[PDB]
Amino acid sequence: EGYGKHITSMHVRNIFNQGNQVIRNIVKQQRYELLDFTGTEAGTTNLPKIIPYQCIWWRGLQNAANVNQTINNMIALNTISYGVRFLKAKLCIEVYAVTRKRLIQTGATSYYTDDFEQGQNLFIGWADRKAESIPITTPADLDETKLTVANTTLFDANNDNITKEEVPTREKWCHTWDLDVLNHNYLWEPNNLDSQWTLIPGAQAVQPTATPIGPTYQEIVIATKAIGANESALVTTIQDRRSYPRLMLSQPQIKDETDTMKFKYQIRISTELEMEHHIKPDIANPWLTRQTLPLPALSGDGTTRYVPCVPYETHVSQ
Amino acid sequence: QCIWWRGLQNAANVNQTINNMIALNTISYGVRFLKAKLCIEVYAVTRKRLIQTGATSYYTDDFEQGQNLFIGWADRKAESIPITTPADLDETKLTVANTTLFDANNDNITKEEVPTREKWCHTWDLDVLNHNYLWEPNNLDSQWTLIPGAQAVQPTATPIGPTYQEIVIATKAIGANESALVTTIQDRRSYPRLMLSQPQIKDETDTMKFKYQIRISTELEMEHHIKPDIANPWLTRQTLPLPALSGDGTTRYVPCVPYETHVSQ
Amino acid sequence: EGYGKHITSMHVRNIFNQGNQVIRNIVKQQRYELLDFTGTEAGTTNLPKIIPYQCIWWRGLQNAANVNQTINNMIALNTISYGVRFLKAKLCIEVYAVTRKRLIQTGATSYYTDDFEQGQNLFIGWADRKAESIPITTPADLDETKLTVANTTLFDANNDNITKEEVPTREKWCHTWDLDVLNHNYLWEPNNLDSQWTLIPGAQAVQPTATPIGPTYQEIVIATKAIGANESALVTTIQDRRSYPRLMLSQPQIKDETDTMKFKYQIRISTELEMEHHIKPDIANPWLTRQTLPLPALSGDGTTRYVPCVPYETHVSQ
Amino acid sequence: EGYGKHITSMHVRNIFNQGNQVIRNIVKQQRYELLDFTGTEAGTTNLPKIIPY
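Structure representation (structure tokens):
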């Protein structure tokens, strides 16, 4: 019997983490953006701007100049994390200015100036009644300022199918998503979010045939992770649907002499992505990946790839 | 993790309970394992003592009581078990090279101590199946068979198949015609490998070598759901086979995944 | 006035972290060690074993084979952390075996065998009445199993100055330190703990003259951090003393025919170091280092360097 | 003294059944039978039918 202090008969002691530890990092990207409908080229056209939130735009991947520590935090944690969990996504669009290019038309003279239209708002279209995919050619292609789709508008004089919120000059527009869809102790394979054809959590059961996302868009996931030349693992979970219709920023369709009015906006668009890295255990366990499954990503050799963006789910009584 | 619960490593340990099962698995359309009780009763702890004088090396075996038996779980590691044959899974001769419960750098094993006269009882719940599903009746005569529970891991050379999934999908033939679609949900199960060992103690020229005498009791509670009073070959639609390492491989590695990482909600 | 949902008049919004975020990592190293008094060489001698906790031995730096994720977690976080805080240190020594080399002496025959002495304990000396420095030549030199100092013992037949706890075979010995000494919102400059002449938090006002630790051993710290070719910062904080006497593992001094008895022990020594990384802010601020100050480290060109290990502080009534 | 979980000092343990276990089976036979008094042969005669229980 030892007489020392803080001495006790040992119990079962293994101090290693058992793989359960969590650190919530928030990948937050904040940008003062020019939203320009006055140009005829490079997405400056009146065509509405798409916010490709269904993608990994939440990182600011379209411009490497917007990389901050939160990304460099994630890039670091995704080295030590066996799986990651996205428990929120917070998009906030703060309008500041509303400017439009005024035209005084005298013969061919066409005087130009830019004036403040405050009293007209910014239109946030959801495209929640339609099935409209977003093309993604490159990371720069998903910049919400230059991202457009031809023959698309928030205003259809025949059937206007879009819910369009108005964001005045000094108001702000904040929308929040819950990306935590995974259950049954499953996690997302840690990604540094460096590929745009990657897609956010949630199951849009739709996928292109040329660019299959794979089982990760299902309510019921089935896949085989290799994890090694030998030990390949069977990932099977249940997953809730998610719609994720495309946000469409636009100006009104107002008609002026010879054409529509062309506005331009100045916004500070804040994106907070709450993501909880479950850090690797204190002892190597390559097989934790059995409960991790990859982020949905558009596959194939296709250069330009169309994210589904399914508008809505139809609820059914019971 | 295997069917060692039957004593398949030695046909001399066959008793009525096996011959009960072998009989019931004839009349049962499906079987359910609702418990597994492993109990290791130590009796003796003996070690080979060495008195080293020059090269003389006197040997004797003495009682070390006061040192215990170490039950390692290997619950922090992913460590597969090789199975060559039924005799290969005898817990007494079953070993893996360069494996120990003691790593002077990172000691990753939870190791319980079982003294001489103490006993060590651990219990598993093999009832994982739900949705009125059952396990295809097996006489438990193949060691590459594996117990219920879903370790989502399987070797690529020896696929267990859907029976390790939380979500099972398979097609049972049941006939040249009527093939059935078995789909159920299943909970994960870890089932890390128990590792019996002595301490690593270092003696002159080598470690100390103990030897133990244990009475290892295995109770496997298994509920046979007997065939109906009228032939219904299609009951197998809700029965699905036991997980078994497939392939032509002679030596096959059971996954033995250590643990599941729980996630708050 | 915009009519949308989740729209509001903006307030002051900057979502960046303001530098305040914390993730507690635990650097935990667990080792089953041979503690051998039976040898005549390489620290196997009867000389007591020193646990160099005053150093960064908490990482297992003496052997790169003991590197685990917790280190590889820290190594990663110390990239994204502007400062780190050590809020506990937990040392736990679990004895398992007590073995000794028995000698049957007949003429010159000298039969040898190793038997179990259970009923004799393991002695944890604190050296709390003495000032005894620890030599550090290399990282391997601080291995607690081979670390010894000549003419040192826990047993002095004249003045026995050491508090020595007994750890039996199956008992365990757990001691805990509080390394949080820093106050005034100061932190420790993030270190990957890869240098052994680094030393743990706490102020032993003593430092060698050949290897000055510097102001980081003071109750009152003063230093100038360069942080740049220009902007050098003035770090000044108040700090509590810390004694940190050296742990000395030993067997009893028992005398046998011709010499003392030589035991050997088998222990599982668990080290949990709770350390809270304060992660870099979401925006680069090189000047956060004004409130970070480096870990105390033995300086100089000296190969072998002596950590002070002051035994105790003398309290004074008021 | 072992420190593990679910460890205890052994008592007398022999897990064998001691011969006492019981499973009730029901031997049930269900038949739609022709009971024929109209024939002159092979028990079809008016003679009563015996149920040889």
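Quick mapping for you: the protein sequence lines, in order, are chains A, B, C and D. All residue numbers for the first sequence refer to our numbering, where the first residue is 1 and numbers rise by one. All residue numbers for the second sequence refer to our numbering, where the first residue is 1001 and numbers rise by one. All residue numbers for the third sequence refer to our numbering, where the first residue is 2001 and numbers rise by one. All residue numbers for the fourth sequence refer to our numbering, where the first residue is 3001 and numbers rise by one. Just so it is clear, CB atoms sit at the ideal spot from N, CA and C, and this is done for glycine as well.
Hey, residue i and residue j: beta-carbon distance below 9 Å or not?
i, j, result
"A:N17", "B:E1260", "no"
"C:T2137", "C:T2304", "yes"
"C:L2293", "C:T2211", "no"
"B:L1134", "B:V1031", "yes"
"residue 390 of chain A", "A:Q30", "Residue 390 of chain A lies beyond the residue range present for chain A, which begins at 1 and ends at 318; the question has no answer from this structure."
"A:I222", "B:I1169", "yes"
"B:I1071", "B:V1114", "yes"
"B:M1021", "B:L1101", "no"
"A:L35", "A:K264", "yes"
"D:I3007", "B:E1112", "yes"
"A:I104", "A:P52", "no"
"A:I267", "A:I50", "no"
"C:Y2217", "B:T1053", "no"
"A:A76", "C:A2076", "yes"
"B:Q1009", "B:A1087", "yes"
"C:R2059", "C:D2143", "no"
"C:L2179", "C:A2089", "yes"
My understanding is that residue i touches residue j, with C-beta atoms under 8 Å, so please give their C-beta distance in whole angstroms.
i, j, result
"C:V2095", "C:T2152", "That pair is no contact at about 21 Å."
"C:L2087", "C:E2276", "6 Å"
"A:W126", "A:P245", "5 Å"
"C:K2255", "C:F2037", "Not quite, the Cβ-Cβ distance comes to about 14 Å (not below 8 Å), so this is no contact."
"B:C1002", "B:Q1143", "5 Å"
"C:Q2204", "C:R2242", "6 Å"
"A:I213", "B:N1106", "Contact doesn't hold; Cβ gap of about 39 Å is too wide."
"A:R102", "A:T109", "So it is not a contact: roughly 13 Å between Cβ atoms."
Exposed or buried, what is residue i when buried is set at 16 or more other beta-carbons lying within 10 Å of its beta-carbon?
i, result
"B:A1078", "buried"
"A:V206", "exposed"
"C:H2175", "buried"
"A:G19", "buried"
"B:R1076", "buried"
"B:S1028", "buried"
"A:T236", "buried"
"B:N1013", "exposed"
"C:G2119", "exposed"
"B:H1262", "exposed"
"C:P2286", "exposed"
"A:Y32", "exposed"
"residue 1985 of chain C", "The structure shown does not extend to residue 1985 of chain C, since chain C is modelled only from 2001 to 2318, so the question has no answer here."
"A:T289", "buried"
"A:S250", "buried"
"C:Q2318", "exposed"
"B:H1225", "buried"
"A:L91", "buried"
"A:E274", "buried"
"B:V1045", "buried"
Bridge partners of residue i, per DSSP?
i, result
"B:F1070", "B:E1113 and B:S1197"
"A:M275", "A:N25 and A:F86"
"A:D259", "A:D256"
"A:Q30", "A:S270"
"B:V1045", "B:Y1212"
"A:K172", "A:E94 and C:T2008"
"C:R2241", "C:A2203"
"A:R305", "A:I136"
"C:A2150", "Answer is none; C:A2150 lacks a bridge partner."
"C:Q2218", "C:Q2218 is not bridged to any residue."
"A:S81", "A:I279"
"C:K2225", "C:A2233"
I'd like to know if residue i contacts chain G, where contact means its C-beta is closer than 9 Å to some C-beta of that chain.
i, result
"B:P1199", "As a matter of chain content, chain G is missing from the structure shown, whose protein chains are A, B, C and D."
- Message: With three or more beta-carbon pairs closer than 8 Å as the criterion, would you say the stretch 23-41 of chain A touches the stretch 60-71 of chain A?
- Response: yes
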